[PDB]
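Cβ atoms come from the backbone with ideal geometry, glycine included; neighbour counts cover every protein chain shown. Just so it is clear, none of the values below were taken in a lab; they were calculated from the coordinates.
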Amino acid sequence: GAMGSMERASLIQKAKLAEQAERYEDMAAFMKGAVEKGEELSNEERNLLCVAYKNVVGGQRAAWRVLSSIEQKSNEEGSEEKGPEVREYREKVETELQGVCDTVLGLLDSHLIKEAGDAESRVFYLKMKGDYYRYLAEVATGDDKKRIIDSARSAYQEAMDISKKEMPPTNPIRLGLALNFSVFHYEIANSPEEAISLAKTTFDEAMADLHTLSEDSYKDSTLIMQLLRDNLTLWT
Amino acid sequence: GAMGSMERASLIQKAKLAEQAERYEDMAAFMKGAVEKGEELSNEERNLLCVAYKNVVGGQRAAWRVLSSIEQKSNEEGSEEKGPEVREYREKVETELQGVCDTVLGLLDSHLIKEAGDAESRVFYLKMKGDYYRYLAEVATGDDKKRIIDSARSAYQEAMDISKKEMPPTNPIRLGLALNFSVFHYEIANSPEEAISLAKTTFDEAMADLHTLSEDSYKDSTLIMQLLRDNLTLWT
Amino acid sequence: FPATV
Amino acid sequence: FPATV
Ligand SMILES: *SCCCNC(=O)c1ccccc1Sc1ccccc1C#N
Ligand SMILES: *SCCCNC(=O)c1ccccc1Sc1ccccc1C#N
Ligand SMILES: [Mg+2]
Ligand SMILES: [Mg+2]
């Protein structure tokens, strides 16, 4: 790996600089190098890894949606034939997106998840695994599409089971996991009722636990609760 | 070149798709491939080339400024020593930026400028040459810094001479050239009075020629005149 | 699109 | 920063 010669601490430092400079591809490459040092990641380091790849894949997903929309319109009745270029370029972006997802899933499988014993790390990584299979599912149309969807579901489900046993209902990782699994149900699994039920129950159980929190924890938890509410408003 | 096997028209089509998807690195690579087909570029194709690289280098310049600011603060009195990482990463971004500038300058020199005979194409390319030498000058600190600055000045000056002979004072290319050369004077050449004089005279001569224009040309010209006014307000 | 984190 | 096009 091209980061093999750089110190772990230097990779982390540069990931933070790349974030400040909004250079998210660099940030992801630095964090990949840090993961490949083989040591477990701290809470802050996990969040750097997550931020970097979320921004990279987020840009790819946005571009893929633009191109997919153009491709769909080109295949409508009365549309003029413009050749293979739209499909080719959509496929190019799609392949790059799949490559990023495969890279993240590879880091999780070699060997972040298997060494993650505390709930805060294990739930975080399993949520990420569900997220990146979900992004693969968004572009999937082949024979393995059902298996891709089930891989996302399985990772989310294991994360949910751990989070319900080991974390309070206001824990921000637990809340963000529920938010994303609910989106999986709505957008991927054709299960809007499950999506709505999960978001509502998560919101209500968090509400009932806010009284235990400091002002700073309350701010963290209510921020994500508002995202759950925003989705409920969109869906109902 | 990796675009050598793709049709010129397909490269142009994909550059437009990349623009819609905000994939400016792809857009630039497609337009580089189109230039390397060896044919002259139309007005629309020149503007695609310009848009693509302006966005790529603009992001690099913004990142370089963030990192340079951090590096400058790290070298202030009382600052804690944090190692070589800030300088290294600033140098990494700087080298990539210089690479993009060298690529654009290489396309202009092989062989866009020498085949550009009409004022609209030749002024456009010479302005770009001044712009990309200006971006090199922004990061230059070595023995060749004066020669880099003079290369920008010389390209801008040739473009100015042609534009004053061959274009009306409201021509948007002429106006944008004057805007950028004025910025060169202010930011690069330590010549704020020349910057102000050029912006003022350009604005006033355009104002006096607006009466000749259609509504659509008037909109194009006044848009750039407002940028000249904005700089004058910043500088006075 | 719905919110995710 | 000043405006350029
Ligand atoms: S991708 C960076 C991860 C940090 N924040 C998140 O996007 C995230 C991820 C999983 C679960 C929840 C959240 S939001 C969050 C996370 C940690 C602490 C506070 C908050 C909030 N609000
Ligand atoms: S980088 C794409 C070039 C298109 N517009 C510009 O940014 C530009 C470049 C050189 C000189 C002027 C301008 S602004 C412009 C250009 C052509 C037509 C109208 C306008 C405007 N307003
Ligand atoms: Mg495909
Ligand atoms: Mg250097």
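Taken as a whole, the condition of being in contact (Cβ under 8 Å) with a residue 40 or more places away in the chain and more than 16 Å from ligand 2 (Cβ to nearest atom) applies to A:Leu41.
I need the full set of residues from segment B:2-57 which are in a loop (DSSP other than H, G, I, E, B), among the charged types (D, E, K, R) and surrounded by fewer than 22 Cβ atoms within 10 Å (Cβ to Cβ), in order please.
Result: B:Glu7, B:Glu22, B:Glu36, B:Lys37, B:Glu39, B:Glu40.
Test A:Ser221 against the stated conditions and say whether it is within 14 Å of chain C (Cβ to nearest Cβ), of a type in the set (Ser, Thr, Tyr), in a helix (DSSP H, G or I) and more than 18 Å from the chain's Cα centre (by Cα). Yes. For segment A:76-97, the tally of residues that are within 16 Å of ligand 3 (Cβ to nearest atom) and more than 10 Å from every other protein chain (Cβ to nearest Cβ) stands at 5.
Being more than 14 Å from chain B (Cβ to nearest Cβ) and either within 16 Å of ligand 1 (Cβ to nearest atom) or among the β-branched types (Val, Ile, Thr) (or both) narrows it down to one of A:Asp150, A:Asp118, A:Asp144, so name that one.
A:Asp118
For segment A:101-127, the set of residues classified as buried (at least 18 other Cβ atoms within 10 Å of the Cβ) and closer than 12 Å to A:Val57 by Cα consists of A:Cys101, A:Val104, listed by residue number. Looking only at segment B:158-170, decide whether some residue is under 18 Å from D:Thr4 (Cα atoms) and either surrounded by fewer than 14 Cβ atoms within 10 Å (Cβ to Cβ) or within 13 Å of chain D (Cβ to nearest Cβ) (or both). No, there is no match, as no residue in segment B:158-170 is under 18 Å from D:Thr4 (Cα atoms) and either surrounded by fewer than 14 Cβ atoms within 10 Å (Cβ to Cβ) or within 13 Å of chain D (Cβ to nearest Cβ) (or both).
Checked across segment B:178-193, the condition of being touching a residue at least 12 places away in the same chain (Cβ under 8 Å), farther than 14 Å from D:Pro2 by Cα and crowded, with 21+ Cβ neighbours inside 10 Å holds for no residue.
How about segment A:28-50: which of its residues are among the hydrophobic types (A, V, I, L, M, F, W, C) and touching a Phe, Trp or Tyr at 6+ places or on another chain (Cβ under 8 Å)? Those that are among the hydrophobic types (A, V, I, L, M, F, W, C) and touching a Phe, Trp or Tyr at 6+ places or on another chain (Cβ under 8 Å): A:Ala28, A:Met31, A:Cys50. From the list B:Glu158, B:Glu76, B:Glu138, B:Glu96, which one is away from ligand 2 (no atom under 14 Å from the Cβ) and more than 18 Å from the chain's Cα centre (by Cα)? Criteria check complete, one pass: B:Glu76.
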